[PDB]
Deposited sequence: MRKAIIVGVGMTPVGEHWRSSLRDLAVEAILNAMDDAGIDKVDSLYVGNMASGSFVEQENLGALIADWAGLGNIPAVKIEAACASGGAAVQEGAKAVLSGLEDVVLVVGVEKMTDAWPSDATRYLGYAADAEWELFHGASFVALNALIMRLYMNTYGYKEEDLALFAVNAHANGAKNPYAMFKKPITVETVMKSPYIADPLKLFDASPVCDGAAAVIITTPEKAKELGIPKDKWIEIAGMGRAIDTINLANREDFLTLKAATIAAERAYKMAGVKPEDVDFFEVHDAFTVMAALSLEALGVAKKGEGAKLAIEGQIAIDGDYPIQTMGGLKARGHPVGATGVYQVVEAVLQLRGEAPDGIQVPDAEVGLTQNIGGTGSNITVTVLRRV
């Protein structure tokens, strides 16, 4: 009958950090998260990374524990493809919820500016894009609003990689990657590191962290779907998203109408729309309609991409899931950058998609 609360969050700017190492980014996020809680030591470490790889950087937990000076603590790496970050937080909370560890650190870190499966993935998302518009009567210009929303909300975010707003012709005149899909329909590949500190409220009071910093892990859901795309029920439905979302909603006792913002996997514009359809917010075929009707703005009914999303804050795969959770915490605490603060945030949601829908994580955070 325990409860799980995040008491510290920290992150690095997302960008092309050519001169930085995986270490510098990781330890930065960790230290900046252990001070947000005022903490000196953690009990265990969970790591998210979907490869930066010296291969010697495949024993990542022990490296990071050494680099951040945590001690001879337990540490492991969680990986669910591009949802590892999203999953590591979940595994981290289970540790505290188990009763075996009282302060748990979760760090996501990715350096893809190193210093076949991207092309195929792009072409697949693009066939999905043609399917979505042709089926539901949408146009490219409609889905472009998802990029405009992200670039707006990232323009007010010091940590984003893309900090200037844009117009729909900015995307409609970007180079095609696919014939539906363009440069600005697609999130950037980049570096970054984010970190979260999870505890139980008893140890939290024992350590003197004010209840003003506590954000509760209220709902957790994670599900797989088939890797074989010829055995999927529908291409315009992400089934793992729905299953995980249902589990997390039931666990937290909320409904989609109760939650005030959604950090979704807007790795491509089609995925933001499909994510909203699958998370319960919109009906099948009406995911992009919210974008046309503007309801995805900060002040809107269904704010998404609240600090830039994946398209503007950036997609450092495997820290993305941790970034989605730190920003949600910062939106639930009131400590959100000026210009992007969801008005009166009590419940927030986060969604990390790995593979083609093969492993999806949903988490529901509540204020306490």
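Absent C-alpha positions map to the deposited sequence ranges 52, 117-135, in order along the chain.
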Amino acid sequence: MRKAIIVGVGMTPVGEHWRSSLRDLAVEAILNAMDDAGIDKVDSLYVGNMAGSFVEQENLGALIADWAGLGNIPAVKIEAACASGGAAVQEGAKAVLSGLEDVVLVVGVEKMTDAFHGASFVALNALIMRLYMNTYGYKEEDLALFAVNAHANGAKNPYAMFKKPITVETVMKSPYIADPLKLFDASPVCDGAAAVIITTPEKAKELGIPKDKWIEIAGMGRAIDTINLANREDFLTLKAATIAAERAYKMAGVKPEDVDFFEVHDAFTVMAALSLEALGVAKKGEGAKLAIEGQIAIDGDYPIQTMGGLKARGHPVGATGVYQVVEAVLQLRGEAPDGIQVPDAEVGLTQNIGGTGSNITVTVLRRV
From here on, numbers count along this sequence of modelled residues.
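Two stretches are in play, 271-279 and 253-261, and the higher mean C-alpha B-factor belongs to 253-261. The mean Cα B-factor in the deposited entry runs higher for 98-106 than for the other of 119-127 and 98-106. Which of 343, 61, 309, 318 has the largest Cα B-factor in the deposited entry comes down to 343.
Based on the entry's C-alpha B-factors, the most elevated value among 164, 289, 222, 182 belongs to 289. Residue 202 sits in the highest third of its chain by CA B factor, as recorded in the PDB entry. Sort the modelled residues of the chain by CA B factor and residue 356 lands in the lowest third. Compared with the other modelled residues of the chain, the Cα B-factor recorded for residue 46 ranks in the lowest third. Among the modelled residues of its chain, residue 329 has a C-alpha B-factor that falls in the middle third, as given in the PDB entry. Ranked against the other modelled residues of its chain, the C-alpha B-factor of residue 88 as given in the entry falls in the lowest third.
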